[PDB]
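Undergrad: What shape does this take:
(3 chains, ligands or ions: 2)
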Amino acid sequence: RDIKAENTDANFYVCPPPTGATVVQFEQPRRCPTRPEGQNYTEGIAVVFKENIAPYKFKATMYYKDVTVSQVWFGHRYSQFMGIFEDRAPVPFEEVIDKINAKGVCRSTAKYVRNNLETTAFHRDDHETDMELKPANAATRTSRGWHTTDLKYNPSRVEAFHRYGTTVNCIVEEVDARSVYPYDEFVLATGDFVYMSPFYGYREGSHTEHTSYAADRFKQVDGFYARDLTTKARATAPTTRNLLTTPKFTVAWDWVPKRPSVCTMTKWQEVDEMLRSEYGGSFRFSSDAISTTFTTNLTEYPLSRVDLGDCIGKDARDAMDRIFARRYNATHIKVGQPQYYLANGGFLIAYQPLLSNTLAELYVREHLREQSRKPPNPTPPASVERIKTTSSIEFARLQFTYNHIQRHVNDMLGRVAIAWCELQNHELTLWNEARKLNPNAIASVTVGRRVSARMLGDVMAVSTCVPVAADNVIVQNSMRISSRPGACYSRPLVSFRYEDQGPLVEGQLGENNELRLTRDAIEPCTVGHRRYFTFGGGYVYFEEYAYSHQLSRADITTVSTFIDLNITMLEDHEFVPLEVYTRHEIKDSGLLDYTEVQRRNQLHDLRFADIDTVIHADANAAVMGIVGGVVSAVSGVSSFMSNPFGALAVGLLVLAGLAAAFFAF
Amino acid sequence: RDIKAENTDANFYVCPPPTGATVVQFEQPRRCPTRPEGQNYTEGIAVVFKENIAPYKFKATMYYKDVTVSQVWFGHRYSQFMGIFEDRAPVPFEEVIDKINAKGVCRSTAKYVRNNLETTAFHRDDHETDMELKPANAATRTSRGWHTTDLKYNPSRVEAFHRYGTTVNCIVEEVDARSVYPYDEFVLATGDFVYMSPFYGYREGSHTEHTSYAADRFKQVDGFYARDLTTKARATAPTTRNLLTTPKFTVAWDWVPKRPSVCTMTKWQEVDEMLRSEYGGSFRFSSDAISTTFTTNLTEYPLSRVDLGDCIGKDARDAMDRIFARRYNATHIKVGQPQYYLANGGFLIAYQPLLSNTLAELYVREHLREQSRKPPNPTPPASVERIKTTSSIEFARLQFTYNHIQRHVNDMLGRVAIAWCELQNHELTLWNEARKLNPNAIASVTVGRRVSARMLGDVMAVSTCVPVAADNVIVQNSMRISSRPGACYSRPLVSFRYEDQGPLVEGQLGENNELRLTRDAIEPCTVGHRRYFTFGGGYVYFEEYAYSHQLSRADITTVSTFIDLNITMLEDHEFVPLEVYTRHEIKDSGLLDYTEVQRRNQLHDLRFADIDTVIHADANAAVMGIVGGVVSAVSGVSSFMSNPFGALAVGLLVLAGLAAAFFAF
Amino acid sequence: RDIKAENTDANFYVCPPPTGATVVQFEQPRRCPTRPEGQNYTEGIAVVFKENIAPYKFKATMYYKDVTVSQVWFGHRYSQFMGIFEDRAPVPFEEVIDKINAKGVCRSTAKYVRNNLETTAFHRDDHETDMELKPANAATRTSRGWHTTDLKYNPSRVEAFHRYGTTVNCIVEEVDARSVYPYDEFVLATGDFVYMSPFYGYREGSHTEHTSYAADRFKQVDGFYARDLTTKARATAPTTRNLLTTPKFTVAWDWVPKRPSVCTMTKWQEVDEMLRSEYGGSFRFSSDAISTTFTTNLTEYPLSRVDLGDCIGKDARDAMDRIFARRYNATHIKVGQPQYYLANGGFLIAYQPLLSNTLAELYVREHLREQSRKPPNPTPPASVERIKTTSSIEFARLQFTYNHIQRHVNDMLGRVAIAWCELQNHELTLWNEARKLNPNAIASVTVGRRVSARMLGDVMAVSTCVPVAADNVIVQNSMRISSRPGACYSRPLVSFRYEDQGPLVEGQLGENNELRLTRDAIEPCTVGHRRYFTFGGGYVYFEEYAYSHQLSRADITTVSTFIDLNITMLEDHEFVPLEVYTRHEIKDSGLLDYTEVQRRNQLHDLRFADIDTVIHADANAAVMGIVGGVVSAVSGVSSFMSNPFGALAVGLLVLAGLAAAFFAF
Ligand SMILES: *[C@@H]1O[C@H](CO)[C@@H](O[C@@H]2O[C@H](CO)[C@@H](O)[C@H](O)[C@H]2NC(C)=O)[C@H](O)[C@H]1NC(C)=O
Ligand SMILES: *[C@@H]1O[C@H](CO)[C@@H](O)[C@H](O)[C@H]1NC(C)=O
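TA: Numbers count the residues shown, from 1 in each chain, chains lettered A, B, ... in the order given. Ligands and ions are numbered 1, 2, ... in the order given. Structure data below:
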């Protein structure tokens, strides 16, 4: 009667009833945490402003007179230029107002200040004539220009002799004008600047504006009237005019005020769904529409400290009105006056709170509390400042996304934390009637190690089991009683030994390999007896209360009490760099890098022309030498006579030679 | 016999058997939701194009003649310049083709149009001589230049008298040329522009191209041949040549066609793993390689409407061929003709679908369905357009990431939602045999409040329990029967009262503080009786069926049926701004801000030179006064004689004085 | 006695006891996975450097002499300029060192090289006089300038005759100077360049630096001394000076060494909380402070290969010292020497590891292992290189965020995976005593289909049930026995039929619609008998062991064993594009696009002036014709006499006429 387990994988445990010595208890439903109240989002409309870098850009009209006078020396079949003087000349005030404005013409004469002198240039070197302004030729992507002279003047051919030819052209050319903050100078598309502020005048203290030019160069015309140079129909509108002359030209333009025309800020974006939140001592402005969150201090930014920010109010007012009348007008209602929070990163924010008609009951609170939010801090003390604005926007996209992801994931994580907690709490009843049914199993699964257990009233008493090797356990074949039939064992018989040499000890195989000491599990004998029992890592099958054979585990088809669960972590992912256009594509997109251009235009020498070489040439170095010295004495004499006083005594002499000789004849 | 609970923390409940009045039932497995089919990703290869800002850049050759003529007036030991005329002159067509091209030389004479005149300048004021072109000096980061004259001319020294010195230099200089869309003008690295289109000619209707210049200035050479200026070996290739002259210079270049040379778009990126998805009426192109998703309308963009986008087809074809032959060629197969979807944000997309040999069975469908996707919308109506391309790329990284995060998190969230649902469904069996075992506990945990319960067939009947204070409950000491020994109580005896003054009412302490009314839980008396019982917030221990003492809870070692769960939400995180380089670092990286440069070069006056001061000086202001008036009359007379007709009568007079005097002698 | 189910929704199953044929088993606790060790983050301090685009910017002083000489021709009431020569002249070395430096004055004479000639210009055409340098007028946002002449010279009025007027102005103007890598040329704010390296000299082999200029133009002053031009107090410091002259001007500056002055890199950011991680064969540098992660190869970048990166060491050293003394000095301690990892994307990284005093035990290891990390790869072979740095930073923000999100979400996902696994394992005990209580239910829920079950020892035997339609099942009214009272059925009686025509078969309704064949569930008769039973999709209520009536399900109030679970997936979200400022706002912010400016300044012709028109004019074309031909012969003769040799014979003749006539008188 010698039988051992097929698989010694799982050791047998002999586990006796315990004493009241050791005794343990279960936990109880730890009061589970609760949800958060959630961040209160105040709906509103936003409009965000940015530092202006786009220069102030306007229109003006230029008036000038190109004065080009040339030497020409002649040969037998040929004429060469000996020098071309080429100048830009201002047109006087009166000649613009009278000859150019009213009559659309211009003097053929120039009279202007250059190089500490007055000059007067005759066109053709001929008598002054009022000449006509005719439209400039067809020109592409340019302004509309005008001129009098379409071709310059040059003297008639006198064989081998120097002539001078004067030419004057009265040109009018309307142009654009650009200006950068603080707007004290302005440029012309001709590359010429004007060193005067574009808003100077006589009206509302306009003498305050800085101009280096003396007051007389520029005059302002109150209630001025303009007439087109081609159409020549007077403009219906009366425009206050301004006219400033330079040593090269004279420009005129229409005058407008300052603050309702320029602004350090500029309107950047319009958000109809901007959500304000208050957290950790700051506001976050989440446009769900454009995926954006903004960080602002609690107090509104004081607009007064905004410099020249009169664009702000007007712009924000118009935009917000249009949006609210469009899409919010019958669903919510306005709450308080608009707010100008300062957006971390240099983005000026206009934000309008608003509440639904659904819960207008609350408006009193909200209104008061919105009014609390602008400080009157500038009032008790004027020093002004600009707003420094960045050029990248990514903190807001990333910050929004991380808060929306963060919102969802932490939200769900919380919900499932609660659900798990209350599930484990809910189980203890199942574990409680279950622990009542079979104490040994539940106590072993609970404490962690295999132990005995018995109910000691409303508590559980335990004591550690005893390990027993499989090669030291015997199965006896029979399950019936030879002495008393009709009442036979319900579970097989085992003869284990606690030590490989230890005495053989009989017992009754119990559930889950517990080699119970007492042989007391008897049932009445019954027909059709098929029983699979637990033994070692496998099973042991008896038919009709008698040892059939031992089986491995997978011999029997297998089902499960388990609900599958399949999680895959998010694999890593590298983020490669990327620029849309590189900065060298931009320095290259600049059709001319002025730097490169001048760098070339100034090597116009050392490449193919030497400046480190000096030449002295003498015609007389090039009895006969003595005679040549004689003409030099004459040559040096003529030098004394090349100039005024020596020259005067000679003209007086020349008068004599011809005079005296003839009167005698 | 007066005993009360150690801890009154938990009130006792007396809970009687119920009536059939109140009766409740359990829920049943709510059919759990199911997974989504998942978005079908169509593998393919992509190539994305962008607006061209890099100007069209090519090579050309300049030819000109610097004409510099100078006055020099002399003193005793010294010579001063009185004026330096300095001009740039064009080289005629023939002198380039004949003297410069074939012979590599150039005339020492200039003959060119300037200021409505023809001029002819002699080098040295000496007879025309064909002169040699020698290489320019060593120059760094420049082109390769050439010249004839390496040093200018100046007259010999004549004491106190004005001389003129002419100099002509024939210079050749090959340069780069840049051009911006629409490419009607092009620049030179010398800063000089040429107001003609770079593709003008006589071939395939090239008279269409706009040029303001008259046809005669520029000539095209069919089948032209070039020879190096230093190497002077003829180029093997025959190049159609173009030659345009300006009033300052003359440039020549090789001619090429238009559309196979320029393109409003430019190839930006090559993606071998671009995944197309269709969702919500749009396509999303997720390059897993570069972390990108693209949004496109359903229909392909019509390439024909792309302006000058003949670069597109060629480029995309070559690239996609190279990739597919490289890495996809034996695993997938091509599906349909390539596609040009328009990428929201202005990114033109070339996308090639493709399917695996694994499932080529489907190709018919896919092919047809891919062919359905380009519309023939331009055919029934030519108006063209450019593609406006942005300069930031972040919508795609953020949109990809949010879709991949979103994919993973919502995927796992769904899986666990299902698993929980079917777990709660799976539990009801446990709760069902468990609810059978001890109705009171399961009904109390279920309904939420402590109630009684008994099985009413296949359902459960309930009735609310009764609260009972602890200071109103007594434990009687004994647990055995004085009258009938051998059969003694299994649970202690209590004498509670429902009201602090209410009558004392006897009962038998039950499980979990239920003060059962009927005293009927009896077991046979047994040795070794140790029992911990539940009483109040604590326990009450009896030995041998007799009151020992009451204990607190933590007196007993504690185990648990709970599986720990530890979740931490994702802490907030602020995102600080950051620019790599600021825009002022770029306006500063521009080695010259042309704006700043001219702004300085035009204050070259008011800082250290006054223009508002005019000087009139008279030599005669500087009996003797009467004699001085006499020379003025002579001075003004000489003025009449300074000019032609007065001067003629004088030369005729001068002829007489010397003539008449001598013939008589 | 004819009764059928109210709702045929749920089919009845007749399910008999099984045979030992079919038999199944449960799963066992699959050993659950375990947590990861987590990535070891090495704390440290970082400083990251970037390619320098900000040019090297310094100060210098310019010295020059504007030489302006003018023709003026006069009329009766008027004077016109005939040509204004205007030049920039260098001031010689000695005149700067002696006249300008020591004495703060300057010569009124210019003597300089231009156009291969020496020239000497007299101011006023008057004797040389040392003149004073007086401060320039008030000028805004300019440097401080100086000059001698504040107003130019012009000749006195001689009626109808050409005069020349010379003017020289000695101007000093200190300016800024800019320079781009490789720093061989440098610009001036005047737009003029200087084609020499800014670090050339005589000290420590400074003859190596490239200059095209000959050595004589520029001289270096060892131990130079400067004195302010207004304050005129000598500077205390002795500065080595450098003086280079150009053909137009002469500039001077103080000399400094090279490598401790310029650097291809530049300090970009300072991170006190930079966390290094090692993973997948690379390092990731996560500044938690600025939301950043960096990717680097294992080996440090060899600084020696950094070109001119002597700024690097000094800068990183100072910064890291300041931070560590500030905030880390008593909590951690330094580990090893600093490290220069090369940041993927072109960002040079200085990184200092450090460990806490908490666990300094480990330092030996860490130190050694940190020292292992810089390679000595450059030593066995000098070739140098720059570092190419990008202009966008987003890979780091997105990569950091995706790793922090990824960290949290995968972390929690893992924890809950484990918890679920061990929960399902923990349940099997509940399912095991529960499976013991009622085999049919647990086997049916387990296998998936309704089956029979009975305990076959330590295993379970099953056999499939039989479906039975509801319209084929009868409820008999009574529940008591007519023959034997006092002992009556516990569950109602049914007469089903397996086929719509099949014979009627009696049985006893069991739990959950099992139509048990054997009628053997009897209890003793009892008062107050109310029983709800399960029947069809509904219930069937008997009072006092007799058919009352059948009810629907919702007739009874309903409770639940289920813990609610509410998950919402993250809704999709589109990310719209966005630029802060567009590139056209930048080309527009450039107050002058030099490209646009010159493009306008070169159409100063074709719009309003025709160059394609040539004029030939003849005064003589404008008996009398014969007499006019006579003056032309004289006119052409005077041409022969307009020049030297013909002119000499005439002056000799003129000498005779007056001479001979008078001596005879
Ligand atoms: C539950 O998990 C959290 C997060 O891992 C543990 O909190 C950390 O505990 C130690 C000591 O405080 C440190 O790793 C961190 O400082 C803690 N994280 C914090 C404060 O965010 C926590 O100990 C865990 N609880 C357990 C396992 O019972
Ligand atoms: C949000 O408002 C509600 C009541 O309006 C209240 O829970 C609390 O004041 C706010 N919750 C926060 C700030 O978490």
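Undergrad: OK, contacts around residue A:213?
TA: Listed by C-beta atoms under 8 Å, 6 or more residues apart in numbering or on different chains, the contact set of residue A:213 reads A:195, A:196, A:244. All C-beta spots, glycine's among them, are computed from the backbone N, C-alpha and C.
Undergrad: Adding distance to residue C:236, secondary structure and neighbour count as columns, could you present these in CSV?
TA: As requested, those are arranged in CSV below (distance: C-beta to C-beta, whole Å; DSSP: H, G, I helix; E, B strand; the rest coil; neighbours: other C-beta atoms under 10 Å in any protein chain shown):
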residue, distance to residue C:236, secondary structure, neighbour count
A:195, 38, coil, 20
A:196, 42, strand, 21
A:244, 47, strand, 23
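Undergrad: Show me which of the residues you listed is closest to chain C.
TA: Nearest to chain C among the contacts of residue A:213, counting by C-beta to the nearest C-beta, is residue A:195 at 8.7 Å.
Undergrad: Do I have it right that the closest one meets residue A:212?
TA: Yes. With contact defined as C-beta atoms under 8 Å, residue A:195 counts as touching residue A:212 (5.5 Å).
Undergrad: Identify the contacts common to those two.
TA: What both residue A:195 and residue A:212 touch, as defined by C-beta under 8 Å, 6+ apart, is the set residue B:606.
Undergrad: Who are the packing partners of the one helix or strand residue A:45 maps to?
TA: Following DSSP states H and E, one finds residue A:45 within strand A:42-51. Where contact means 3 or more C-beta pairs under 8 Å, 6 or more residues apart in numbering or on different chains; DSSP states H and E, strand A:42-51 is packed against strand A:265-279, helix A:310-323, strand A:347-356.
Undergrad: Moving C-terminal from that strand, which element do we reach first?
TA: Next in sequence after strand A:42-51, counting helices and strands by DSSP H and E, comes strand A:56-75.
Undergrad: Give the buried residues for the next helix or strand after that following strand.
TA: Next along the chain after strand A:56-75, taking DSSP H and E as the criterion, comes strand A:78-90. Buried residues in strand A:78-90, counted by 16 or more other C-beta atoms under 10 Å in any protein chain shown: A:79, A:80, A:81, A:82, A:83, A:84, A:85, A:87, A:88, A:89, A:90.
Undergrad: Show me what strand A:78-90 is packed against.
TA: strand A:56-75, strand A:109-114, strand B:56-75, strand B:78-90, strand B:117-122, strand C:78-90.
Undergrad: mind redoing it with 6 Å?
TA: On a contact count with 3 or more C-beta pairs under 6 Å, 6 or more residues apart in numbering or on different chains; DSSP states H and E, strand A:78-90 meets strand A:56-75, strand A:109-114, strand B:117-122.
Undergrad: contacts for it?
TA: A:64-73, A:110, A:112, A:245, A:248-250, B:69, B:83, B:85, B:119-121, B:164, C:83 (C-beta atoms under 6 Å, 6 or more residues apart in numbering or on different chains).
Undergrad: near chain C, which residues of the stretch 1-150 of chain A?
TA: Listed as neighbours of chain C in the stretch 1-150 of chain A under the rule C-beta under 6 Å from any C-beta of the partner chain: A:53-55, A:69, A:83, A:85, A:115-117, A:119-121, A:136-137, A:139, A:145, A:147, A:150.
Undergrad: could you flag which of those residues are buried?
TA: When the residues of the stretch 1-150 of chain A next to chain C are checked for burial by 16+ other C-beta under 10 Å, the buried set is A:53, A:55, A:69, A:83, A:85, A:115-117, A:119-121, A:136, A:145, A:147.
Undergrad: now the strands for the stretch 301-450 of chain A?
TA: With DSSP state E, counting those that start in this stretch, the ranges of strands along the stretch 301-450 of chain A come out as A:332-334, A:339-343, A:347-356.
Undergrad: Surely residue A:70 touches residue A:165?
TA: Yes. Here residue A:70 lies in contact with residue A:165, judged by C-beta atoms under 6 Å, at a distance of 5.2 Å.
Undergrad: ok, now which ones touch residue A:49?
TA: Neighbouring residues of residue A:49 by C-beta under 6 Å, 6+ apart: A:265, A:267, A:268, A:348.
Undergrad: would you turn these into JSON lines with neighbour count?
TA: Shown next, in JSON lines, are the contacts of residue A:49 (neighbours: other C-beta atoms under 10 Å in any protein chain shown):
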{"residue": "A:265", "neighbour count": "23"}
{"residue": "A:267", "neighbour count": "18"}
{"residue": "A:268", "neighbour count": "17"}
{"residue": "A:348", "neighbour count": "26"}
